[PDB]
Protein chains: 2
Amino acid sequence: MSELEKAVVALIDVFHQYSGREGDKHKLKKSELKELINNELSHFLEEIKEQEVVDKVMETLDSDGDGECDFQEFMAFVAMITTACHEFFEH
Amino acid sequence: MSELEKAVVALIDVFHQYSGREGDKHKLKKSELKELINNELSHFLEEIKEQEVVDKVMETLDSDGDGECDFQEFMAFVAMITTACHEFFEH
Ligand SMILES: c1cc(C2=NCCCN2)ccc1OCCCCCOc1ccc(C2=NCCCN2)cc1
Ligand SMILES: c1cc(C2=NCCCN2)ccc1OCCCCCOc1ccc(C2=NCCCN2)cc1
Ligand SMILES: [Ca+2]
Ligand SMILES: [Ca+2]
Ligand SMILES: [Ca+2]
Ligand SMILES: [Ca+2]
């Protein structure tokens with residue numbers, strides 16, 4: 001598999017590594033999202049320590065108002081993070 | 001770096017590995033897009049052999065009508081491919 005194919009698989013893997021811990025196994029609730037950010041984005045994002053901070057990230061990500069981040073919404077999060085990295089974390 | 005952080009970097013790397021070959025260094029023209037699909041998605045997508053086929057993919061991807069795939073448009077392509085992989089290539 002190419003690096004791109006392995007990358008695609010990695011996105012799926014990390015989603016399900018966190019989404020399946022609690023409740024809906026196919027969605028990240030705020031507690032799961034907090035863990036993913038703190039454990040898997042510790043180099044790209046500042047650690048979330050306050051509930052207000054994860055509430056704010058979930059508000060941004062949750063496009064269908066169910067209070068959780070589904071796979072499609074996670075892809076949008078990945079695009080946000082990748083765009084930030086691409087622009088050398090300038091904004 | 002986590003597997004997710006490395007994945008994010010891989011997406012950027014493959015884009016620029018193809019986008020910088022011809023013309024606009026920051027966009028994939030159809031010829032570059034064809035090469036990326038054939039070389040880096042050979043396990044997830046059928047090889048493109050006909051110009052009609054890459055025209056059709058570019059039409060789907062090109063949301064601003066410039067005939068090329070920019071970084072934002074490539075992210076949407078990545079989301080499409082990842083969603084397909086996620087659903088076990090069922091659709
Ligand atoms: C790879 C390719 C390109 C690229 N290539 C082709 C041309 C275009 N781009 C650009 C960047 C790339 O990244 C390599 C990974 C380096 C680790 C970054 O680590 C951080 C994380 C967070 C910050 C930060 N956090 C918040 C406030 C600002 N700062 C800073 C640094
Ligand atoms: C990883 C995780 C999940 C997952 N996990 C948590 C639950 C949810 N999902 C799902 C899939 C994953 O993928 C692993 C990579 C296997 C190689 C697939 O290789 C192909 C490529 C193209 C085809 C095809 N092409 C076009 C017509 C149909 N067929 C078939 C097979
Ligand atoms: Ca869950
Ligand atoms: Ca949601
Ligand atoms: Ca180009
Ligand atoms: Ca375009």
Side-chain angles (χ1 to χ4, degrees), chain A residues 1-19 21 27-64 67-91, chain B residues 1-29 32-33 36 40-41 61-64 66 68-83 85-86:
Chain A
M1 287 167 67
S2 71
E3 289 305 299
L4 176 54
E5 285 162 341
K6 296 178 69 174
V8 167
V9 171
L11 302 181
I12 294 165
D13 291 339
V14 72
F15 179 80
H16 283 285
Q17 279 157 9
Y18 287 86
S19 73
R21 300 189 170 189
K27 301 182 183 56
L28 300 157
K29 60 189 295 266
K30 285 186 296 301
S31 49
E32 295 169 327
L33 180 63
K34 177 176 173 192
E35 292 279 44
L36 185 155
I37 290 170
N38 290 352
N39 298 343
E40 317 297 341
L41 289 167
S42 69
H43 302 115
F44 290 0
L45 290 185
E46 291 308 299
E47 180 178 352
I48 300 177
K49 298 179 182 182
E50 314 114 59
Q51 189 64 40
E52 189 181 80
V53 180
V54 71
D55 293 336
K56 173 190 225 297
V57 183
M58 184 66 80
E59 193 275 342
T60 297
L61 300 188
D62 178 25
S63 298
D64 65 357
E68 300 211 20
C69 180
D70 69 13
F71 191 78
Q72 178 179 36
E73 292 162 342
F74 180 67
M75 295 283 92
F77 185 45
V78 173
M80 290 166 46
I81 297 156
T82 304
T83 294
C85 186
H86 185 231
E87 300 172 349
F88 298 97
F89 296 105
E90 189 165 295
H91 303 301
Chain B
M1 287 167 67
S2 71
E3 289 305 299
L4 176 54
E5 285 162 341
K6 296 178 69 174
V8 167
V9 171
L11 302 181
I12 294 165
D13 291 339
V14 72
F15 179 80
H16 283 285
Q17 279 157 9
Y18 287 86
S19 73
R21 300 189 170 189
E22 304 177 74
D24 196 324
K25 296 194 138 294
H26 303 293
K27 301 182 183 56
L28 300 157
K29 60 189 295 266
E32 295 169 327
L33 180 63
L36 185 155
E40 317 297 341
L41 289 167
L61 300 188
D62 178 25
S63 298
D64 65 357
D66 73 348
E68 300 211 20
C69 180
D70 69 13
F71 191 78
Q72 178 179 36
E73 292 162 342
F74 180 67
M75 295 283 92
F77 185 45
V78 173
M80 290 166 46
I81 297 156
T82 304
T83 294
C85 186
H86 185 231

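Naming convention: chains lettered A, B, ... in sequence-line order (proteins, then strands); numbering from 1 in each chain.
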For the atom pair CG (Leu61(A)) and SG (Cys69(A)), what is the distance rounded to the nearest 0.5 Å?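 These two atoms lie 5.0 Å from each other.
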Enter the distance from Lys25(B):NZ to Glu32(B):CD here, rounded to the nearest 0.5 Å.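 Answer for the NZ-CD pair, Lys25(B) versus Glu32(B), is 8.5 Å.
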Quick one: list whatever passes side-chain hydrogen bond (donor to acceptor under 3.5 Å, both in side chains) with [X], sequence neighbours left out.
X	value
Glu40(A)	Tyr18(A)
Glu22(B)	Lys29(B), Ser31(B)
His43(A)	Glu5(B)

Would you say the side-chain atoms of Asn39(A) pair up with the backbone N or O of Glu35(A), donor to acceptor, closer than 3.5 Å?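 Yes.
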What pairs with [X] under side-chain contact (heavy atoms from CB on, under 4.5 Å), at least two apart in sequence or on another chain?
X	answer
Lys34(A)	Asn38(A), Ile48(A), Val54(A)
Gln17(B)	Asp13(B), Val14(B)
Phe88(A)	none
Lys6(A)	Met1(A), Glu3(A)

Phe15(B) vs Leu36(B), test: side-chain contact (heavy atoms from CB on, under 4.5 Å). Steps then yes/no. CA-CA 8 Å; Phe15(B) 179 80; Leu36(B) 185 155; 5.7 Å; no
Non-neighbouring partners of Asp24(B) that pass salt bridge (charged side-chain N to carboxylate O under 4.0 Å, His left out), sequence neighbours left out: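 Testing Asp24(B) for salt bridge (charged side-chain N to carboxylate O under 4.0 Å, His left out), a comparison that skips the adjacent residues, returns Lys27(B).
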For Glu47(A), give me all partners under salt bridge (charged side-chain N to carboxylate O under 4.0 Å, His left out), at least two apart in sequence or on another chain.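 Once residues adjacent in sequence are excluded, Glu47(A) has no partner under the salt bridge (charged side-chain N to carboxylate O under 4.0 Å, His left out) criterion.
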In a table with atom names and distances, give each donor-acceptor pair under 3.5 Å that connects a side chain of residues 74-81 of chain B to protein atoms at least two apart or in another chain.
none

Residue pairs, two or more places apart or on separate chains, that pass side chain to side chain donor-acceptor pair (under 3.5 Å) and touch residues 77-91 of chain A: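 Residue pairs with at least one partner in residues 77-91 of chain A: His86(A)-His16(B).
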How far apart are the closest heavy atoms of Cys85(A) and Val8(B), and which atoms are they?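 The pair with the smallest heavy-atom distance is CB-CG1, 4.0 Å.
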Do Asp64(B) and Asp62(B) have side chains that get closer than 4.5 Å, going by heavy atoms?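 Yes, their side chains come closer than 4.5 Å.
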Inter- and intrachain pairs under salt bridge (charged side-chain N to carboxylate O under 4.0 Å, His left out), touching residues 68-81 of chain B, at least two apart: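 Found none.
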